[PDB]
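Q: So here's my_file.cif, just mmCIF, C-alpha atoms and all ligand atoms:
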data_target
#
loop_
_atom_site.label_atom_id
_atom_site.label_comp_id
_atom_site.auth_asym_id
_atom_site.auth_seq_id
_atom_site.Cartn_x
_atom_site.Cartn_y
_atom_site.Cartn_z
CA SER A 30 83.36 88.84 110.67
CA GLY A 31 84.46 88.67 107.02
CA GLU A 32 83.31 91.82 105.23
CA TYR A 33 85.89 94.50 104.39
CA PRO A 34 86.23 96.62 107.50
CA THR A 35 85.21 100.13 108.03
CA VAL A 36 85.71 102.71 110.86
CA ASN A 37 82.60 101.43 112.55
CA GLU A 38 84.67 98.43 113.22
CA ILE A 39 87.90 100.38 113.48
CA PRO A 40 88.60 102.61 116.44
CA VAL A 41 91.49 104.90 115.87
CA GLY A 42 94.60 103.04 117.07
CA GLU A 43 93.44 99.56 115.95
CA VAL A 44 94.45 97.76 112.79
CA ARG A 45 92.69 95.04 110.86
CA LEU A 46 94.03 92.83 108.13
CA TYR A 47 92.00 91.49 105.20
CA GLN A 48 93.06 88.57 103.06
CA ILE A 49 92.97 89.64 99.40
CA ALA A 50 94.56 86.62 97.73
CA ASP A 51 97.12 83.97 98.53
CA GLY A 52 100.05 85.80 100.13
CA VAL A 53 98.34 89.22 99.81
CA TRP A 54 96.58 91.16 102.57
CA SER A 55 95.41 94.70 102.96
CA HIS A 56 95.79 96.54 106.22
CA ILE A 57 93.12 99.00 107.41
CA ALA A 58 93.40 101.63 110.11
CA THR A 59 91.67 104.87 110.98
CA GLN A 60 92.95 108.28 111.89
CA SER A 61 91.72 111.75 112.79
CA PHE A 62 92.64 114.67 110.56
CA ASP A 63 91.26 118.20 110.88
CA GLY A 64 88.48 116.94 113.19
CA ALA A 65 87.15 114.09 111.06
CA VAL A 66 87.93 110.35 111.06
CA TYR A 67 89.03 108.53 107.96
CA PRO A 68 89.98 104.95 107.07
CA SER A 69 93.06 104.16 105.03
CA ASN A 70 94.53 101.06 103.40
CA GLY A 71 97.96 99.57 102.85
CA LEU A 72 99.24 96.26 101.52
CA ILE A 73 101.20 93.25 102.82
CA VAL A 74 102.78 90.82 100.36
CA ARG A 75 104.43 87.55 101.28
CA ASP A 76 108.08 87.50 100.07
CA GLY A 77 109.19 83.91 100.82
CA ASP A 78 109.55 83.71 104.58
CA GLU A 79 109.46 87.50 104.93
CA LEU A 80 106.89 90.23 104.27
CA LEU A 81 106.94 93.33 102.11
CA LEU A 82 104.81 96.19 103.52
CA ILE A 83 103.24 98.87 101.32
CA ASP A 84 102.44 102.08 103.25
CA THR A 85 102.22 102.78 106.94
CA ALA A 86 98.96 102.67 108.94
CA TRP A 87 98.77 106.50 109.21
CA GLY A 88 100.68 107.36 112.37
CA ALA A 89 103.21 106.01 114.80
CA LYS A 90 100.83 104.29 117.17
CA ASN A 91 98.72 102.82 114.34
CA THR A 92 101.90 101.51 112.71
CA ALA A 93 103.06 99.87 115.95
CA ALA A 94 99.60 98.26 116.15
CA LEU A 95 100.01 97.15 112.52
CA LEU A 96 103.25 95.32 113.33
CA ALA A 97 101.56 93.62 116.28
CA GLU A 98 98.59 92.57 114.16
CA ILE A 99 100.92 91.12 111.51
CA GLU A 100 102.76 89.11 114.14
CA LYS A 101 99.46 87.79 115.50
CA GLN A 102 97.84 86.94 112.18
CA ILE A 103 100.77 86.07 109.88
CA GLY A 104 103.83 85.57 112.05
CA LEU A 105 106.49 86.40 109.44
CA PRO A 106 108.86 89.36 109.79
CA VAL A 107 108.34 92.58 107.87
CA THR A 108 111.73 93.29 106.31
CA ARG A 109 111.06 96.08 103.80
CA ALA A 110 108.43 98.79 103.31
CA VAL A 111 107.61 101.06 100.40
CA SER A 112 105.65 104.30 100.81
CA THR A 113 103.63 105.22 97.75
CA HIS A 114 103.56 109.03 98.30
CA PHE A 115 104.65 111.59 100.85
CA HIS A 116 101.49 112.18 102.92
CA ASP A 117 101.12 111.04 106.54
CA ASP A 118 98.78 108.17 105.62
CA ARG A 119 101.74 106.66 103.69
CA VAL A 120 104.87 107.68 105.66
CA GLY A 121 103.54 108.43 109.18
CA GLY A 122 104.97 105.48 111.05
CA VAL A 123 108.21 105.14 109.04
CA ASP A 124 110.20 105.98 112.19
CA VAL A 125 108.40 103.12 114.04
CA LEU A 126 109.21 100.77 111.13
CA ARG A 127 112.85 101.82 111.04
CA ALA A 128 113.19 101.08 114.80
CA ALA A 129 111.55 97.67 114.32
CA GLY A 130 114.17 96.42 111.76
CA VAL A 131 112.26 97.39 108.62
CA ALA A 132 114.20 98.94 105.73
CA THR A 133 112.02 101.82 104.37
CA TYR A 134 111.95 102.92 100.77
CA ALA A 135 110.31 105.60 98.58
CA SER A 136 111.06 107.41 95.36
CA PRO A 137 113.43 110.39 95.58
CA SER A 138 110.43 112.60 94.76
CA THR A 139 108.49 111.23 97.74
CA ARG A 140 111.52 111.62 100.02
CA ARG A 141 112.01 115.29 99.02
CA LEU A 142 108.32 116.09 99.43
CA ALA A 143 108.11 114.32 102.79
CA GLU A 144 111.17 116.23 104.06
CA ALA A 145 109.73 119.55 102.90
CA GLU A 146 106.34 118.78 104.48
CA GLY A 147 107.81 117.81 107.85
CA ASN A 148 106.68 114.21 107.45
CA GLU A 149 108.69 111.11 108.27
CA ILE A 150 111.23 110.21 105.62
CA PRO A 151 111.89 106.70 104.24
CA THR A 152 115.59 105.80 104.32
CA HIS A 153 116.25 104.48 100.82
CA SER A 154 115.59 105.99 97.40
CA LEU A 155 113.86 104.04 94.62
CA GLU A 156 115.43 105.03 91.31
CA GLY A 157 113.98 104.15 87.96
CA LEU A 158 110.53 105.64 88.59
CA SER A 159 110.95 109.27 87.62
CA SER A 160 109.12 109.24 84.27
CA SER A 161 105.43 108.36 83.81
CA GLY A 162 105.11 104.76 82.63
CA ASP A 163 108.25 103.65 84.50
CA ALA A 164 108.15 100.33 86.29
CA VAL A 165 110.63 98.50 88.53
CA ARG A 166 110.54 95.20 90.39
CA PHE A 167 110.71 95.16 94.20
CA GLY A 168 110.50 91.69 95.68
CA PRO A 169 107.16 90.14 94.79
CA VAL A 170 105.67 93.36 93.37
CA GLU A 171 106.07 95.76 90.49
CA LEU A 172 106.13 99.45 91.29
CA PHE A 173 104.71 101.75 88.62
CA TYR A 174 104.74 105.53 88.32
CA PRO A 175 101.57 106.52 86.38
CA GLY A 176 102.12 110.28 86.39
CA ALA A 177 100.72 112.98 88.61
CA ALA A 178 97.28 112.26 90.09
CA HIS A 179 96.44 112.52 93.79
CA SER A 180 100.00 113.78 94.18
CA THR A 181 102.93 114.29 91.78
CA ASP A 182 104.86 111.40 93.34
CA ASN A 183 102.14 108.74 93.71
CA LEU A 184 103.15 105.17 92.91
CA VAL A 185 100.94 102.16 92.24
CA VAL A 186 101.84 98.57 93.08
CA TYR A 187 101.00 95.38 91.19
CA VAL A 188 101.23 91.85 92.63
CA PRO A 189 101.68 89.73 89.44
CA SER A 190 101.17 86.36 91.20
CA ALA A 191 97.64 87.37 92.14
CA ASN A 192 96.75 90.11 89.63
CA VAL A 193 96.23 92.53 92.50
CA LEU A 194 96.47 96.24 91.65
CA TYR A 195 97.06 98.46 94.66
CA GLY A 196 96.27 101.93 93.36
CA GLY A 197 97.05 103.87 96.51
CA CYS A 198 95.53 107.29 96.70
CA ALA A 199 95.50 107.73 92.91
CA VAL A 200 92.49 105.34 92.95
CA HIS A 201 89.21 105.90 94.79
CA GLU A 202 86.56 103.47 95.92
CA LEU A 203 83.29 103.06 94.00
CA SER A 204 81.24 104.95 96.63
CA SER A 205 83.39 108.06 96.44
CA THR A 206 81.60 111.34 95.63
CA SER A 207 84.58 113.60 95.10
CA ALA A 208 88.27 113.17 94.62
CA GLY A 209 89.18 113.04 98.37
CA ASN A 210 91.96 115.29 99.66
CA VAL A 211 93.10 117.19 96.60
CA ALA A 212 95.53 119.50 98.33
CA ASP A 213 98.52 118.25 96.34
CA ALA A 214 96.66 116.82 93.34
CA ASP A 215 96.83 117.55 89.62
CA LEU A 216 93.14 117.17 88.59
CA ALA A 217 93.94 117.90 84.94
CA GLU A 218 96.62 115.17 84.63
CA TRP A 219 94.91 112.63 86.89
CA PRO A 220 92.66 111.08 84.17
CA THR A 221 95.68 110.64 81.91
CA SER A 222 97.53 108.93 84.74
CA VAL A 223 94.57 106.64 85.37
CA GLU A 224 94.43 105.78 81.70
CA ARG A 225 98.11 104.78 81.92
CA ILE A 226 97.27 102.44 84.82
CA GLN A 227 94.36 100.92 82.84
CA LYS A 228 96.62 100.33 79.85
CA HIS A 229 99.46 98.82 81.86
CA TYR A 230 97.40 96.48 84.08
CA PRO A 231 94.47 95.20 81.98
CA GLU A 232 94.41 91.84 83.73
CA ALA A 233 94.00 93.21 87.25
CA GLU A 234 91.39 91.23 89.17
CA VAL A 235 91.32 93.15 92.43
CA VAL A 236 91.85 96.90 92.64
CA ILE A 237 92.54 98.39 96.08
CA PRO A 238 92.11 102.15 96.64
CA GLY A 239 94.14 104.18 99.11
CA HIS A 240 91.00 104.64 101.22
CA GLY A 241 87.87 102.47 101.19
CA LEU A 242 86.64 99.24 99.69
CA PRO A 243 88.47 97.12 97.10
CA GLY A 244 86.68 96.13 93.93
CA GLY A 245 87.56 95.39 90.33
CA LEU A 246 88.80 97.41 87.36
CA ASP A 247 85.75 99.70 87.55
CA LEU A 248 87.46 101.61 90.37
CA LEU A 249 89.77 103.08 87.74
CA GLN A 250 87.04 104.48 85.50
CA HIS A 251 85.04 105.64 88.52
CA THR A 252 88.12 107.51 89.74
CA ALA A 253 88.52 109.26 86.40
CA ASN A 254 84.83 110.18 86.50
CA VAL A 255 84.90 111.70 89.99
CA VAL A 256 88.10 113.57 89.38
CA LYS A 257 86.81 115.10 86.07
CA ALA A 258 83.73 116.30 87.84
CA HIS A 259 85.78 117.68 90.75
CA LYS A 260 87.98 119.72 88.32
CA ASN A 261 84.74 120.98 86.73
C1 LIG B 301 96.83 112.70 105.15
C2 LIG B 301 96.10 113.04 103.82
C3 LIG B 301 94.57 113.06 104.08
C4 LIG B 301 93.95 113.63 105.19
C5 LIG B 301 92.54 113.57 105.32
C6 LIG B 301 91.72 112.91 104.41
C7 LIG B 301 92.32 112.36 103.28
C8 LIG B 301 91.83 111.76 102.11
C9 LIG B 301 90.41 111.38 101.81
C10 LIG B 301 89.38 112.25 102.08
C11 LIG B 301 88.10 111.85 101.76
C12 LIG B 301 87.75 110.62 101.27
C13 LIG B 301 86.30 110.19 100.94
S1 LIG B 301 85.83 110.75 99.28
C14 LIG B 301 86.88 109.95 98.08
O1 LIG B 301 84.50 110.27 98.96
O2 LIG B 301 86.03 112.21 99.24
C15 LIG B 301 88.80 109.76 101.02
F1 LIG B 301 88.60 108.55 100.41
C16 LIG B 301 90.09 110.12 101.30
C17 LIG B 301 92.93 111.44 101.35
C18 LIG B 301 93.04 110.95 99.97
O3 LIG B 301 92.11 111.35 99.16
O4 LIG B 301 94.05 110.30 99.59
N1 LIG B 301 94.05 111.82 101.98
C19 LIG B 301 93.71 112.43 103.14
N2 LIG B 301 96.50 114.32 103.29
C20 LIG B 301 96.93 115.47 104.01
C21 LIG B 301 97.10 116.43 103.02
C22 LIG B 301 97.60 117.85 103.17
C23 LIG B 301 98.83 118.06 102.33
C24 LIG B 301 99.13 119.58 102.35
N3 LIG B 301 100.33 119.82 101.57
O5 LIG B 301 96.76 115.90 101.76
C25 LIG B 301 96.33 114.59 101.97
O6 LIG B 301 96.00 113.87 101.08
ZN ZN B 302 97.74 111.71 99.98
ZN ZN B 303 95.37 109.18 100.82
#
Could the structure of this file be written out as structure tokens, please?

A:
Amino acid sequence: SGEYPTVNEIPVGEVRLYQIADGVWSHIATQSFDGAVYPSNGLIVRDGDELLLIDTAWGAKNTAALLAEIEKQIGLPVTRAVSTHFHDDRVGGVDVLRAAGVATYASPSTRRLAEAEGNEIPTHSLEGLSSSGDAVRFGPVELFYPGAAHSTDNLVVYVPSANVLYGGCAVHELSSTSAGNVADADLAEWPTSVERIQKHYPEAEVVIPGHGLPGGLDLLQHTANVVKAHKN
């Protein structure tokens, strides 16, 4: 009923949308992994009379439910999707998207890692993002590669019309107590990558983490703080 949703409102298999700004929504779903349940976020950005999707809803059935929820709540077609790194919370559901008319994109690094992991593989490669600090335009967003953080391939997304910074899994929510799933992380480079984000997007008004509640720019410093303590 208006607050940002959590698992206690999200059974696995259901998707909720949350209006972030004009023409910007997050999507929230939940999934089981290794016997625990987690929420995860993605983004939807209005692109004229179409929609750009950032990240799947963490699995095939969640992603089908996402498309249904978008049709119910927004009613514009999703034409393109970008996955911001290679893990299942970002690409699991790409096959569903591809069979629903959506053109799927990721960096070549993400595509290679997804293929090696046995995860679903976006169709199209996003060039121009291979060096930290690189940025490219993609419809109504800017894609930015900050350097290695949660993963070596993680991308962040900026919506300039609304000053919305979608950090993906390189950014944690303010309540976080540790740096999340660090299996593929670079804890030593992560603060430097976060500093790059802070320097590039100083006018961000909303910051959305890969998992958990949006807030403001403090999410970036908080992330650096929890990661430094995790490394140590
Ligand atoms: C599918 C993904 C994965 C699965 C399960 C959980 C997460 C988490 C996670 C965990 C805890 C918290 C709360 S908190 C900040 O307070 O701790 C959280 F916010 C996020 C993250 C992430 O942090 O983004 N991602 C997860 N996977 C799979 C995987 C294995 C790759 C092996 N090569 O690696 C990975 O990330
Ligand atoms: Zn991940
Ligand atoms: Zn994640």

Q: To one decimal in Å, tell me the separation between CA of residue 198 in chain A and CA of residue 77 in chain A.

A: 27.4 Å

Q: Of the candidates A:251, A:257, A:201, A:179, which one gets nearest to ligand ZN 302 (chain B) if we count only C-alpha atoms and all ligand atoms?

A: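 Selected residue with least distance to ligand ZN 302 (chain B): A:179.
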
Q: Quick check, in Å to one decimal: how far apart do CA of residue 184 in chain A and CA of residue 158 in chain A lie?

A: 8.6 Å

Q: Would you kindly return, as an MDAnalysis selection string, each protein, DNA or RNA residue with an atom no farther than 7 Å from any atom of residue 235 in chain A, considering all atoms listed in the file and excluding same-chain residues fewer than 2 positions away?

A: chainID A and resid 192:194 233 237 243:245

Q: Between atom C1 of ligand LIG 301 (chain B) and CA of residue 118 in chain A, what is the spacing in Å?

A: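 Separation between CA of residue 118 in chain A and atom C1 of ligand LIG 301 (chain B): 5.0 Å.
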
Q: Determine the nearest neighbour of ligand ZN 302 (chain B) from the options A:115, A:195, A:167, A:174, counting all atoms listed in the file.

A: A:115

Q: Taking into account only C-alpha atoms, which residue in the set A:73, A:178, A:105, A:86 is nearest to residue 117 in chain A?

A: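 Once distances to residue 117 in chain A are computed over only C-alpha atoms, the minimum belongs to A:86.
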
Q: Kindly indicate which residue among A:96, A:177, A:74, A:220 lies nearest to residue 128 in chain A, using all atoms listed in the file for the distances.

A: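 The shortest atom-to-atom distance to residue 128 in chain A comes from A:96.
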
Q: For ligand ZN 302 (chain B), return the neighbouring residues as an mmCIF file with C-alpha atoms, keeping the file's coordinate frame (distance at most 9 Å; only C-alpha atoms and all ligand atoms).

A:
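Done, and the output landed in selection-v2.cif:
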data_model
loop_
_atom_site.group_PDB
_atom_site.id
_atom_site.type_symbol
_atom_site.label_atom_id
_atom_site.label_comp_id
_atom_site.auth_asym_id
_atom_site.auth_seq_id
_atom_site.Cartn_x
_atom_site.Cartn_y
_atom_site.Cartn_z
ATOM 1 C CA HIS A 114 103.560 109.030 98.300
ATOM 2 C CA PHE A 115 104.650 111.590 100.850
ATOM 3 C CA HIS A 116 101.490 112.180 102.920
ATOM 4 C CA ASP A 117 101.120 111.040 106.540
ATOM 5 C CA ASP A 118 98.780 108.170 105.620
ATOM 6 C CA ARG A 119 101.740 106.660 103.690
ATOM 7 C CA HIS A 179 96.440 112.520 93.790
ATOM 8 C CA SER A 180 100.000 113.780 94.180
ATOM 9 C CA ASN A 183 102.140 108.740 93.710
ATOM 10 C CA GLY A 197 97.050 103.870 96.510
ATOM 11 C CA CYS A 198 95.530 107.290 96.700
ATOM 12 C CA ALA A 199 95.500 107.730 92.910
ATOM 13 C CA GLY A 209 89.180 113.040 98.370
ATOM 14 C CA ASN A 210 91.960 115.290 99.660
ATOM 15 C CA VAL A 211 93.100 117.190 96.600
ATOM 16 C CA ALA A 212 95.530 119.500 98.330
ATOM 17 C CA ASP A 213 98.520 118.250 96.340
ATOM 18 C CA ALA A 214 96.660 116.820 93.340
ATOM 19 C CA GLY A 239 94.140 104.180 99.110
#

Q: Would you mind putting N, CA, C and O atoms back on range 137-154 of chain A and writing the result as a PDB file, in the frame of the given file?

A:
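selection_34.pdb, freshly written:
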ATOM      1  N   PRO A 137     112.792 109.136  95.154  1.00  0.00           N
ATOM      2  CA  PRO A 137     113.430 110.390  95.580  1.00  0.00           C
ATOM      3  C   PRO A 137     112.441 111.554  95.617  1.00  0.00           C
ATOM      4  O   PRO A 137     112.557 112.413  96.487  1.00  0.00           O
ATOM      5  N   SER A 138     111.440 111.558  94.753  1.00  0.00           N
ATOM      6  CA  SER A 138     110.430 112.600  94.760  1.00  0.00           C
ATOM      7  C   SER A 138     109.647 112.563  96.078  1.00  0.00           C
ATOM      8  O   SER A 138     109.490 113.574  96.775  1.00  0.00           O
ATOM      9  N   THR A 139     109.217 111.370  96.487  1.00  0.00           N
ATOM     10  CA  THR A 139     108.490 111.230  97.740  1.00  0.00           C
ATOM     11  C   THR A 139     109.374 111.664  98.907  1.00  0.00           C
ATOM     12  O   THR A 139     108.899 112.322  99.829  1.00  0.00           O
ATOM     13  N   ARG A 140     110.653 111.252  98.921  1.00  0.00           N
ATOM     14  CA  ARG A 140     111.520 111.620 100.020  1.00  0.00           C
ATOM     15  C   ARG A 140     111.673 113.133 100.124  1.00  0.00           C
ATOM     16  O   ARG A 140     111.657 113.692 101.221  1.00  0.00           O
ATOM     17  N   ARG A 141     111.872 113.820  98.995  1.00  0.00           N
ATOM     18  CA  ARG A 141     112.010 115.290  99.020  1.00  0.00           C
ATOM     19  C   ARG A 141     110.745 115.941  99.522  1.00  0.00           C
ATOM     20  O   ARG A 141     110.785 116.910 100.274  1.00  0.00           O
ATOM     21  N   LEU A 142     109.599 115.480  99.041  1.00  0.00           N
ATOM     22  CA  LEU A 142     108.320 116.090  99.430  1.00  0.00           C
ATOM     23  C   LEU A 142     108.043 115.845 100.910  1.00  0.00           C
ATOM     24  O   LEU A 142     107.552 116.737 101.617  1.00  0.00           O
ATOM     25  N   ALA A 143     108.318 114.632 101.377  1.00  0.00           N
ATOM     26  CA  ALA A 143     108.110 114.320 102.790  1.00  0.00           C
ATOM     27  C   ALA A 143     108.971 115.214 103.663  1.00  0.00           C
ATOM     28  O   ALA A 143     108.510 115.769 104.662  1.00  0.00           O
ATOM     29  N   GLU A 144     110.257 115.365 103.301  1.00  0.00           N
ATOM     30  CA  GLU A 144     111.170 116.230 104.060  1.00  0.00           C
ATOM     31  C   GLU A 144     110.668 117.663 104.062  1.00  0.00           C
ATOM     32  O   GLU A 144     110.619 118.283 105.134  1.00  0.00           O
ATOM     33  N   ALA A 145     110.214 118.180 102.943  1.00  0.00           N
ATOM     34  CA  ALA A 145     109.730 119.550 102.900  1.00  0.00           C
ATOM     35  C   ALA A 145     108.466 119.748 103.701  1.00  0.00           C
ATOM     36  O   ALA A 145     108.239 120.849 104.249  1.00  0.00           O
ATOM     37  N   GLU A 146     107.615 118.740 103.763  1.00  0.00           N
ATOM     38  CA  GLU A 146     106.340 118.780 104.480  1.00  0.00           C
ATOM     39  C   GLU A 146     106.509 118.641 105.979  1.00  0.00           C
ATOM     40  O   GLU A 146     105.575 118.899 106.702  1.00  0.00           O
ATOM     41  N   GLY A 147     107.656 118.159 106.435  1.00  0.00           N
ATOM     42  CA  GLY A 147     107.810 117.810 107.850  1.00  0.00           C
ATOM     43  C   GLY A 147     107.270 116.450 108.196  1.00  0.00           C
ATOM     44  O   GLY A 147     106.939 116.208 109.370  1.00  0.00           O
ATOM     45  N   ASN A 148     107.139 115.563 107.214  1.00  0.00           N
ATOM     46  CA  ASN A 148     106.680 114.210 107.450  1.00  0.00           C
ATOM     47  C   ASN A 148     107.865 113.309 107.636  1.00  0.00           C
ATOM     48  O   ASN A 148     109.013 113.668 107.367  1.00  0.00           O
ATOM     49  N   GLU A 149     107.620 112.085 108.086  1.00  0.00           N
ATOM     50  CA  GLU A 149     108.690 111.110 108.270  1.00  0.00           C
ATOM     51  C   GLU A 149     109.215 110.653 106.909  1.00  0.00           C
ATOM     52  O   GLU A 149     108.499 110.659 105.922  1.00  0.00           O
ATOM     53  N   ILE A 150     110.505 110.339 106.880  1.00  0.00           N
ATOM     54  CA  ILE A 150     111.230 110.210 105.620  1.00  0.00           C
ATOM     55  C   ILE A 150     111.748 108.787 105.487  1.00  0.00           C
ATOM     56  O   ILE A 150     112.621 108.385 106.267  1.00  0.00           O
ATOM     57  N   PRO A 151     111.300 108.021 104.485  1.00  0.00           N
ATOM     58  CA  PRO A 151     111.890 106.700 104.240  1.00  0.00           C
ATOM     59  C   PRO A 151     113.403 106.810 104.011  1.00  0.00           C
ATOM     60  O   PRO A 151     113.899 107.819 103.481  1.00  0.00           O
ATOM     61  N   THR A 152     114.122 105.774 104.371  1.00  0.00           N
ATOM     62  CA  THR A 152     115.590 105.800 104.320  1.00  0.00           C
ATOM     63  C   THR A 152     116.164 105.736 102.917  1.00  0.00           C
ATOM     64  O   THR A 152     117.143 106.436 102.614  1.00  0.00           O
ATOM     65  N   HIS A 153     115.617 104.871 102.077  1.00  0.00           N
ATOM     66  CA  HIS A 153     116.250 104.480 100.820  1.00  0.00           C
ATOM     67  C   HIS A 153     115.462 104.993  99.632  1.00  0.00           C
ATOM     68  O   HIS A 153     114.234 104.937  99.609  1.00  0.00           O
ATOM     69  N   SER A 154     116.143 105.489  98.623  1.00  0.00           N
ATOM     70  CA  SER A 154     115.590 105.990  97.400  1.00  0.00           C
ATOM     71  C   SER A 154     115.376 104.904  96.368  1.00  0.00           C
ATOM     72  O   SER A 154     116.292 104.136  96.072  1.00  0.00           O
TER      73      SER A 154
END
